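Beneath this line is the structure, given in structure tokens, with notes to follow.
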Amino acid sequence: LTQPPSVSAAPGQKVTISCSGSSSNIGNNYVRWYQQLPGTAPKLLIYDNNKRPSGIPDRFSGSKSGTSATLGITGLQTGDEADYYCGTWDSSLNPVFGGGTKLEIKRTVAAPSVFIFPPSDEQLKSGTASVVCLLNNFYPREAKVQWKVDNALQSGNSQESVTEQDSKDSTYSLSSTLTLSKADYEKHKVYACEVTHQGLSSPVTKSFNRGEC
Amino acid sequence: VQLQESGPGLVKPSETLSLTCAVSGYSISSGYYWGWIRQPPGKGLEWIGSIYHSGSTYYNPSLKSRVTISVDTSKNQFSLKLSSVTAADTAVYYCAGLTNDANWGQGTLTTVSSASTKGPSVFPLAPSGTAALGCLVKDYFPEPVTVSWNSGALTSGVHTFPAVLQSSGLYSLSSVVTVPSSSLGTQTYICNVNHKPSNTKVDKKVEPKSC
């Protein structure tokens, strides 16, 4: 049971998601489809190849042809951002599942708003310094953060993570954290986060000087 | 009908993973079957096993020698025991059952690791016409932590990031919210942090800094 890892389209458009199986699973058995919103359990969309449970709108449909099955989603809405899974039964009539397809909604380009946060005095008193750069509500996902400390490029001492696509406005946000020891943090003045994104005509820098707060 | 997993979030290598599924609003005797399905982080779904109406059980052949699924009618719950676990068994475990539409539990993350439970420290990300503020939830193990704002009253504009695994082997997570800058003087912002494996709950007020 294979499906493509991702699909994308604009709101209002249609997508299809295919599930390729074999003669002994899909070829012989009913197919089900599930929607998994981030952080939630899978939810049944389609059963018996093409039937909708109560509560599922007719924007969703399923069909089966030979050893493959297809889920169609029309009238795409921002709420449809999710992982989609097919499921069927194998030759022993035990459940098997596809690898999942992540649906991305295409929206207009949006530049991030950037914020920088010095370490709290509370954390410094514990012996460590985390400096945080926030890139809020941007699209598309690709974004670059460069850290500088007294104009020294920082390489290898930051980590970042990115939210799932927002259910309401289809944007991403990203946080980057620069880790320094307390002793190193107190050796330097200027802490800067430079952000590159296609929504920005040139890179944006947010900075602070240690001791302003 | 509601299903709810419970059980340790951390299991040591070679030890046995034990989970229970509490079924509320329905009797275990009246289900077509009850079963378990797991999902390693960032991956797909894998069926573990099912127990049917009669009591007959069927397990995933690649797991069979390690799996036991049982029903406790008196407590209206069923269970999973997976013996001799390794890192490969780290996953979100779902209980599920059929009363066409199967019911699912909310899932519970089980991490298999020799590392020990550690509660987080919570630090403010203070704000100083939109302002951003947040909380840094640092140095905990295993996942997950949950974060809410103002006890669930504040949801608009909240972003809670995926945890990052630090080089120390501990996780860190940030949660942020953007609010009107004119609110900072009058509105209180509290991040509610819960790390169940360490039984650590913290309500942290994030106060604007003096800059």
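In the structure tokens, each chain is lettered A, B, ... as it comes, each chain's residues begin at 1, and ligands are numbered from 1 in order of appearance.
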Residue neighbourhood stretch 22-39 of chain B, 7 Å, only C-alpha atoms, exclusion window fewer than 3 positions, as a PDB file with C-alpha atoms, in the first residue's frame:
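Output contents, as saved in part.pdb:
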```
ATOM      1  CA  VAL B   1     -18.612   6.285  23.264  1.00  0.00           C
ATOM      2  CA  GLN B   2     -15.197   7.413  24.476  1.00  0.00           C
ATOM      3  CA  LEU B   3     -11.898   5.539  24.494  1.00  0.00           C
ATOM      4  CA  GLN B   4      -8.919   6.613  26.567  1.00  0.00           C
ATOM      5  CA  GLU B   5      -5.415   5.151  26.720  1.00  0.00           C
ATOM      6  CA  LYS B  43       5.441   7.690  10.172  1.00  0.00           C
ATOM      7  CA  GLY B  44       2.368   5.663   9.208  1.00  0.00           C
ATOM      8  CA  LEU B  45      -0.051   3.326  10.984  1.00  0.00           C
ATOM      9  CA  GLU B  46       0.733  -0.234  12.005  1.00  0.00           C
ATOM     10  CA  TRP B  47      -1.890  -2.642  13.319  1.00  0.00           C
ATOM     11  CA  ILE B  48      -0.832  -4.545  16.451  1.00  0.00           C
ATOM     12  CA  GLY B  49      -3.772  -6.827  17.234  1.00  0.00           C
ATOM     13  CA  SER B  50      -7.485  -7.187  17.908  1.00  0.00           C
ATOM     14  CA  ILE B  51      -9.738  -9.155  20.255  1.00  0.00           C
ATOM     15  CA  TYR B  52     -13.192 -10.019  18.951  1.00  0.00           C
ATOM     16  CA  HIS B  53     -16.640 -10.535  20.420  1.00  0.00           C
ATOM     17  CA  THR B  73     -15.247  -6.696  31.795  1.00  0.00           C
ATOM     18  CA  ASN B  76     -14.883  -2.135  31.214  1.00  0.00           C
ATOM     19  CA  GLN B  77     -11.409  -1.815  29.774  1.00  0.00           C
ATOM     20  CA  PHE B  78      -8.964  -3.686  27.623  1.00  0.00           C
ATOM     21  CA  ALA B  91       5.302   5.173  18.958  1.00  0.00           C
ATOM     22  CA  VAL B  92       1.966   6.758  19.587  1.00  0.00           C
ATOM     23  CA  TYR B  93      -0.297   3.866  20.586  1.00  0.00           C
ATOM     24  CA  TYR B  94      -3.983   4.070  19.766  1.00  0.00           C
ATOM     25  CA  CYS B  95      -6.715   1.903  21.173  1.00  0.00           C
ATOM     26  CA  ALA B  96      -9.684   1.388  18.890  1.00  0.00           C
ATOM     27  CA  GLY B  97     -12.903  -0.555  18.724  1.00  0.00           C
ATOM     28  CA  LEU B  98     -16.037  -1.046  16.714  1.00  0.00           C
ATOM     29  CA  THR B  99     -19.519  -0.698  18.246  1.00  0.00           C
TER      30      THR B  99
END
```
Problem set entry | Neighbours of chain A in chain B at 8 Å, counting only C-alpha atoms, as an NGL selection string | :B and (43-47 or 60 or 94 or 100-102 or 104-107 or 123-127 or 132 or 159-164 or 174 or 209-211)
Write the residues of the selection above to a file with N, CA, C and O atoms, as a CSV table (one decimal), in the first residue's frame.
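This is the output file again26.csv:
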```csv
chain,number,residue,atom,x,y,z
B,43,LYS,N,5.6,8.8,11.1
B,43,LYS,CA,5.4,7.7,10.2
B,43,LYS,C,4.0,7.3,10.1
B,43,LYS,O,3.1,7.9,10.6
B,44,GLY,N,3.7,6.1,9.5
B,44,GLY,CA,2.4,5.7,9.2
B,44,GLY,C,1.8,4.8,10.3
B,44,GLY,O,2.4,4.6,11.4
B,45,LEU,N,0.7,4.2,10.0
B,45,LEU,CA,-0.1,3.3,11.0
B,45,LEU,C,0.3,1.8,10.9
B,45,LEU,O,0.4,1.3,9.7
B,46,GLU,N,0.4,1.2,12.0
B,46,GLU,CA,0.7,-0.2,12.0
B,46,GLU,C,-0.2,-0.9,13.0
B,46,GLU,O,-0.2,-0.7,14.2
B,47,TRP,N,-1.0,-1.9,12.5
B,47,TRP,CA,-1.9,-2.6,13.3
B,47,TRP,C,-1.1,-3.6,14.2
B,47,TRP,O,-0.2,-4.3,13.7
B,60,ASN,N,-0.6,-9.1,14.8
B,60,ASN,CA,0.3,-8.9,13.8
B,60,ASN,C,1.4,-10.0,13.8
B,60,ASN,O,2.1,-10.1,14.9
B,94,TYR,N,-2.6,3.8,19.8
B,94,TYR,CA,-4.0,4.1,19.8
B,94,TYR,C,-4.8,2.8,20.1
B,94,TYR,O,-4.5,1.7,19.6
B,100,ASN,N,-20.0,0.6,11.2
B,100,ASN,CA,-18.9,0.9,10.3
B,100,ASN,C,-17.8,1.8,10.9
B,100,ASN,O,-16.6,1.5,10.7
B,101,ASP,N,-18.2,2.8,11.6
B,101,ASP,CA,-17.3,3.8,12.1
B,101,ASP,C,-16.7,3.3,13.4
B,101,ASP,O,-17.3,3.2,14.5
B,102,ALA,N,-15.4,3.0,13.4
B,102,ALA,CA,-14.7,2.6,14.6
B,102,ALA,C,-14.3,3.8,15.5
B,102,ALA,O,-14.1,4.9,15.0
B,104,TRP,N,-11.8,5.7,18.1
B,104,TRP,CA,-10.4,5.7,18.5
B,104,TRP,C,-10.1,6.4,19.8
B,104,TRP,O,-10.9,7.3,20.1
B,105,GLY,N,-9.1,6.0,20.5
B,105,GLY,CA,-8.7,6.8,21.7
B,105,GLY,C,-7.9,8.0,21.2
B,105,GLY,O,-7.7,8.2,20.0
B,106,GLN,N,-7.3,8.8,22.1
B,106,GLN,CA,-6.6,10.0,21.7
B,106,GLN,C,-5.2,9.7,21.4
B,106,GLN,O,-4.4,10.6,20.9
B,107,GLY,N,-4.7,8.5,21.7
B,107,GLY,CA,-3.3,8.1,21.5
B,107,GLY,C,-2.5,8.5,22.6
B,107,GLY,O,-2.6,9.5,23.3
B,123,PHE,N,10.6,29.0,31.3
B,123,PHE,CA,11.1,30.4,31.3
B,123,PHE,C,10.3,31.3,30.5
B,123,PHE,O,9.7,30.8,29.5
B,124,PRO,N,10.1,32.5,30.9
B,124,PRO,CA,9.3,33.4,30.0
B,124,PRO,C,10.0,34.0,28.8
B,124,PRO,O,11.2,34.2,28.8
B,125,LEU,N,9.3,34.2,27.7
B,125,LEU,CA,9.7,34.9,26.6
B,125,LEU,C,8.9,36.2,26.6
B,125,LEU,O,7.8,36.3,26.1
B,126,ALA,N,9.4,37.2,27.3
B,126,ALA,CA,8.7,38.4,27.6
B,126,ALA,C,8.6,39.4,26.5
B,126,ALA,O,9.6,39.5,25.7
B,127,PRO,N,7.5,40.1,26.3
B,127,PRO,CA,7.2,40.9,25.2
B,127,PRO,C,7.9,42.2,25.0
B,127,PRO,O,8.0,42.7,23.9
B,132,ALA,N,4.6,39.9,20.6
B,132,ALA,CA,4.7,38.5,20.7
B,132,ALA,C,5.2,38.2,22.1
B,132,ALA,O,6.1,38.9,22.6
B,159,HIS,N,0.9,29.7,18.8
B,159,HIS,CA,1.7,28.7,18.1
B,159,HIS,C,2.5,27.9,19.1
B,159,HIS,O,3.4,28.5,19.7
B,160,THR,N,2.3,26.6,19.2
B,160,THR,CA,3.1,25.8,20.0
B,160,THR,C,4.0,24.9,19.1
B,160,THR,O,3.4,24.1,18.3
B,161,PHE,N,5.3,25.0,19.2
B,161,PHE,CA,6.2,24.4,18.2
B,161,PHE,C,6.4,23.0,18.6
B,161,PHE,O,6.3,22.6,19.7
B,162,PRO,N,6.8,22.2,17.6
B,162,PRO,CA,7.3,20.8,17.8
B,162,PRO,C,8.5,20.9,18.8
B,162,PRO,O,9.3,21.8,18.6
B,163,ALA,N,8.6,20.0,19.7
B,163,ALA,CA,9.8,19.9,20.5
B,163,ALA,C,11.0,19.6,19.7
B,163,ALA,O,11.0,18.9,18.7
B,164,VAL,N,12.2,20.1,20.2
B,164,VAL,CA,13.4,19.8,19.5
B,164,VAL,C,14.2,19.0,20.5
B,164,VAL,O,14.2,19.2,21.7
B,174,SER,N,9.0,25.6,22.6
B,174,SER,CA,8.6,27.0,22.8
B,174,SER,C,7.1,27.0,22.4
B,174,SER,O,6.6,26.4,21.5
B,209,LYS,N,8.8,43.1,30.1
B,209,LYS,CA,10.1,43.5,30.7
B,209,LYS,C,10.2,45.0,30.8
B,209,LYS,O,9.6,45.7,30.1
B,210,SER,N,11.2,45.4,31.7
B,210,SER,CA,11.6,46.8,31.7
B,210,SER,C,12.8,46.9,30.8
B,210,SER,O,13.9,46.4,31.2
B,211,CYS,N,12.7,47.6,29.7
B,211,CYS,CA,13.8,47.7,28.7
B,211,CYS,C,14.2,49.2,28.6
B,211,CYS,O,14.1,49.8,27.5
```
Problem set entry | Polymer residues at most 7 Å from residue B:195, only C-alpha atoms, same-chain spacing of 6 or more positions, as a list in words |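 Counting only the stated atoms, we get residues 119, 144, 145, 146 and 201 of chain B.
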Problem set entry | 10 Å contact set for residue B:8, only C-alpha atoms, chain neighbours under 3 positions out, as a VMD selection string | chain B and resid 11 17 to 19 108 to 111 196 to 197
How about saving the chosen residues, C-alpha atoms kept, as a short mmCIF file (atom, residue, chain, number, x, y, z; two decimals), in the first residue's frame?
```cif
data_model
loop_
_atom_site.label_atom_id
_atom_site.label_comp_id
_atom_site.auth_asym_id
_atom_site.auth_seq_id
_atom_site.Cartn_x
_atom_site.Cartn_y
_atom_site.Cartn_z
CA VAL B 11 9.64 2.11 29.07
CA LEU B 17 5.10 -2.04 27.73
CA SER B 18 1.69 -2.03 29.35
CA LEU B 19 -1.25 0.11 28.27
CA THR B 108 -0.54 7.89 23.99
CA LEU B 109 3.15 8.34 23.19
CA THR B 110 5.42 5.64 24.55
CA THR B 111 9.16 6.19 24.32
CA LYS B 196 2.77 14.12 32.79
CA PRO B 197 5.74 11.69 32.92
#
```
Exercise. Running DSSP on the backbone, which parts of stretch 29-196 of chain A land in alpha helix (DSSP H), as a list in words?
Worked result: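 These are the residues in question: residues 121, 122, 123, 124, 125, 126, 182, 183, 184 and 185 of chain A.
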Exercise. How far is it from atom CA of residue B:188 to atom CA of residue B:173, in Å with one decimal?
Worked result: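 Taking atom CA of residue B:188 and atom CA of residue B:173, their separation equals 21.7 Å.
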Exercise. Interatomic distance between atom CA of residue B:7 and atom CA of residue B:122?
Worked result: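 Between atom CA of residue B:7 and atom CA of residue B:122 the gap is 25.1 Å.
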Problem set entry | Distance criterion (only C-alpha atoms): nearest to residue A:93 out of B:21, B:59, B:170, B:157 |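 For residue A:93, the nearest of the given residues is B:59.
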Problem set entry | Residues within 12 Å of residue A:112, only C-alpha atoms, excluding chain neighbours under 4 positions, as an MDAnalysis selection string | chainID A and resid 133:145 171:175 194:201 203:205
For this session: Find the distance between atom CA of residue A:37 and atom CA of residue A:80 and write it in Å to one decimal.
Result: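 It comes out at 8.2 Å.
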Report as a PDB file with N, CA and C atoms, in the first residue's frame all protein, DNA and RNA residues lying within 8 Å of residue A:182, evaluated on only C-alpha atoms, omitting residues in the same chain fewer than 2 positions from it.
```pdb
ATOM      1  N   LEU A 124      19.255  32.835  33.096  1.00  0.00           N
ATOM      2  CA  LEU A 124      20.660  33.146  33.265  1.00  0.00           C
ATOM      3  C   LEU A 124      21.124  32.774  34.648  1.00  0.00           C
ATOM      4  N   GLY A 127      22.276  29.342  34.831  1.00  0.00           N
ATOM      5  CA  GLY A 127      23.546  29.053  34.180  1.00  0.00           C
ATOM      6  C   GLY A 127      23.565  28.902  32.668  1.00  0.00           C
ATOM      7  N   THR A 128      22.416  29.071  32.014  1.00  0.00           N
ATOM      8  CA  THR A 128      22.364  28.909  30.567  1.00  0.00           C
ATOM      9  C   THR A 128      21.651  30.082  29.925  1.00  0.00           C
ATOM     10  N   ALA A 129      21.878  30.276  28.631  1.00  0.00           N
ATOM     11  CA  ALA A 129      21.213  31.332  27.872  1.00  0.00           C
ATOM     12  C   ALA A 129      20.604  30.760  26.599  1.00  0.00           C
ATOM     13  N   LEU A 180      23.787  29.322  24.293  1.00  0.00           N
ATOM     14  CA  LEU A 180      25.114  29.728  24.776  1.00  0.00           C
ATOM     15  C   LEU A 180      25.220  29.446  26.243  1.00  0.00           C
ATOM     16  N   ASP A 184      29.555  32.578  28.221  1.00  0.00           N
ATOM     17  CA  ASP A 184      29.709  33.094  26.867  1.00  0.00           C
ATOM     18  C   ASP A 184      28.739  34.211  26.552  1.00  0.00           C
ATOM     19  N   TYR A 185      27.500  34.059  27.008  1.00  0.00           N
ATOM     20  CA  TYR A 185      26.512  35.101  26.794  1.00  0.00           C
ATOM     21  C   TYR A 185      27.016  36.447  27.349  1.00  0.00           C
ATOM     22  N   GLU A 186      27.625  36.422  28.533  1.00  0.00           N
ATOM     23  CA  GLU A 186      28.094  37.653  29.178  1.00  0.00           C
ATOM     24  C   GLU A 186      29.387  38.202  28.579  1.00  0.00           C
TER      25      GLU A 186
END
```
Exercise. For residue A:77, which of A:13, A:155, A:146, A:6 is the closest residue, counting only C-alpha atoms?
Worked result: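 Between A:13, A:155, A:146, A:6, the residue approaching residue A:77 most closely is A:13.
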Problem set entry | Residue contacts of residue B:150 (12 Å, only C-alpha atoms) excluding same-chain residues fewer than 3 positions away, as a ChimeraX atom specification | /B:134,147,153-156,158,177,187-193,203-206
